[PDB]
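Asker: Here you go, one structure.
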Amino acid sequence: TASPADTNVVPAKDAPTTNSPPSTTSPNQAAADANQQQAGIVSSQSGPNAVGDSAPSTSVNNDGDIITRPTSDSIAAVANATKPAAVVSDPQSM
Amino acid sequence: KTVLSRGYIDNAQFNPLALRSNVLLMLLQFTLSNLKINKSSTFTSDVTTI
Amino acid sequence: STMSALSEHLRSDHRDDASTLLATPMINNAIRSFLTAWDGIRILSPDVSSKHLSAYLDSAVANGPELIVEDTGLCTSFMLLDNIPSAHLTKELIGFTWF
Amino acid sequence: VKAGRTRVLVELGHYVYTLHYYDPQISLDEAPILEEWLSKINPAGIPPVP
């Protein structure tokens, strides 16, 4: 009778962007389409509402850039690109 | 090394440029870890000298 | 049906200050049950446990936060310790004597 | 610096420090510890100051 599943419905974790497919071309439109198809709506019934919409995607950075890996790794990548040797061997060292 | 350190920092280094945030989160965890109630226990009567 | 059974029911479900001075994790929800007078049927509150989390689509079943956490030790988080051991000096005095 | 000719002041806002305890009756030169500490500094981070 008093089914909790019908009373305690709340958005799941990572809800706003979970369905976003991994792509770089048009992530927001692609994510929007994925949400629409995931929700069970078919394009033939949504009509004109499906053409211009866009939704948040994981491929888009908070700054508004196309990202292909977690931002920490991007930070790690640039950091690792610059690591001069701590101790070097040269004849004139005192 | 809570944030902005994983991936590039050495196992024995800390990044001075991220110090404030790391300290901030460290204190936050310290704060959260203590969120509990001070229960009352049983008692005994002391008879030892002073 | 029997006075004994009723006595135990009170001795279990309706003693409130009993077993107070100990750590108690079994905090239940607010509502335990309801009784409908017109028919006499009792309704028990559902208990949410993770054997089912079958939310429809991208949703979840909400659960209550773990609020009641209690401690009986010492309210402290800083410790006193000897970083460097002693040199093991002579004691010169042992302890108390009682007769 | 190791010779008595140069004195260095390093500006650190704040830093993580570690320390060692030695025996007063044993002569030693503490240069290797520092040279080790120098050996792990890079533009990304530093080890604790000894």
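Heads up: the protein sequence lines correspond to chains A, B, C and D, in order.
Start counting the first sequence at 13; every next residue gets the next number (the authors' numbering).
Start counting the second sequence at 275; every next residue gets the next number (the authors' numbering).
Start counting the third sequence at 127; every next residue gets the next number (the authors' numbering).
Start counting the fourth sequence at 1067; every next residue gets the next number (the authors' numbering).
Cβ atoms here follow ideal geometry from the backbone N, Cα and C, with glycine treated the same way.
List the residues of chain C whose Cβ lies closer than 7 Å to the Cβ of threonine 316/B, in chain order.
Answerer: Under the 7 Å cutoff, chain C gives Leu147.
Asker: For the alpha helix (DSSP H) that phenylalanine 304/B lies in, which residues bound it at each end?
Answerer: Unbroken alpha helix (DSSP H) run through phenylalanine 304/B: 293-307.
Asker: In whole angstroms, what is the alpha-carbon distance linking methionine 300/B and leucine 291/B?
Answerer: One C-alpha to the other measures close to 16 Å.
Asker: Taking the alpha-carbon positions, what's the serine 176/C to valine 22/A distance?
Answerer: In a straight line, the C-alpha of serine 176/C is about 15 Å away from that of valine 22/A.
Asker: Could you give the C-beta distance for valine 174/C and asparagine 189/C, rounded to a whole number, given that I count them as a contact under 8 Å?
Answerer: Confirmed, Cβ separation roughly 6 Å.
Asker: Since residue 1117/D meets chain A, which of its residues come closer than 9 Å, beta carbon to beta carbon?
Answerer: Residue 1117/D lies beyond the residue range present for chain D, which begins at 1067 and ends at 1116; the question has no answer from this structure.
Asker: What span of residues does the alpha helix (DSSP H) with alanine 186/C cover, start to end?
Answerer: Premise fails: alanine 186/C lies in the beta strand (DSSP E), 185-187, not in any alpha helix (DSSP H).
Asker: Please compile the residues from chain B whose C-beta is within a distance smaller than 9 Å of the C-beta of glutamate 196/C.
Answerer: In chain order: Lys310, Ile311, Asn312 and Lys313.
Asker: Taking the CB atoms as reference points, tell me whether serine 66/A and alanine 44/A lie closer together than 8 Å.
Answerer: Yes, Cβ-Cβ distance for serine 66/A and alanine 44/A is below 8 Å.
Asker: What does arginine 294/B reach in chain A if we use C-beta pairs closer than 9 Å?
Answerer: Under the 9 Å cutoff, chain A gives no residues; its nearest Cβ is about 17 Å from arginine 294/B.
Asker: Which residues in chain D have a C-beta closer than 7 Å to the C-beta of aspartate 320/B? List them in chain order.
Answerer: None at all; the shortest Cβ gap to chain D is about 39 Å.
Asker: From the DSSP output, in three-state form, read off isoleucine 87/A for me.
Answerer: DSSP places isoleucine 87/A in helix when its eight states are reduced to three.
Asker: Using the rule of at least 16 other Cβ atoms within 10 Å of the residue's Cβ for burial, across every protein chain shown, is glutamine 287/B buried or exposed?
Answerer: So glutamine 287/B ends up on the buried side.
Asker: Pairing CB atoms from the region 76-90 of chain A with CB atoms from the region 213-225 of chain C, are three or more of them under 8 Å?
Answerer: Touching, no.
Asker: If you draw a straight line from the C-alpha of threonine 1072/D to the C-alpha of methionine 106/A, how long is it?
Answerer: Roughly 14 Å separates the two Cα atoms.
Asker: Using the C-alpha atoms, what's the distance from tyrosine 282/B back to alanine 89/A?
Answerer: For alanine 89/A and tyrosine 282/B, the distance between alpha carbons rounds to 8 Å.
Asker: Which bits of chain A does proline 1109/D rub up against, with CB to CB less than 9 Å?
Answerer: Within chain A, the residues near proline 1109/D are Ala91, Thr94, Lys95 and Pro96.
Asker: Return the CA-CA distance between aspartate 1089/D and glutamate 1096/D, expressed in angstroms with no decimal places.
Answerer: Using only the alpha carbons, I get a separation of about 13 Å.
Asker: Can you say whether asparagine 47/A is buried or exposed, counting buried as having 16 or more other CB atoms within 10 angstroms of its CB?
Answerer: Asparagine 47/A should be labelled buried.
Asker: Excluding the 5 residues preceding and the 5 following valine 187/C in the sequence, name in chain order all residues of the same chain whose CB lies nearer than 7 Å to its CB.
Answerer: Contacts found: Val174, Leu179 and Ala181.
Asker: Taking all protein chains shown into account, do 16 or more other C-beta atoms lie within 10 angstroms of the C-beta of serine 71/A, making it buried, or fewer, making it exposed?
Answerer: It is buried - the Cβ of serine 71/A has at least 16 other Cβ atoms within 10 Å.
Asker: Provide the residue(s) that pair with residue 1117/D in DSSP beta bridges, ordered along the chain.
Answerer: Here chain D covers residues 1067 to 1116 and nothing more, so residue 1117/D does not appear.
Asker: Going along chain C, which residues have a C-beta under 8 Å from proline 16/A?
Answerer: Going along chain C in sequence order, the residues near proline 16/A (Cβ under 8 Å) are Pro172, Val174 and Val187.
Asker: Using only the alpha-carbon positions, how far apart do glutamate 192/C and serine 307/B sit?
Answerer: So the two alpha carbons sit approximately 13 Å from each other.
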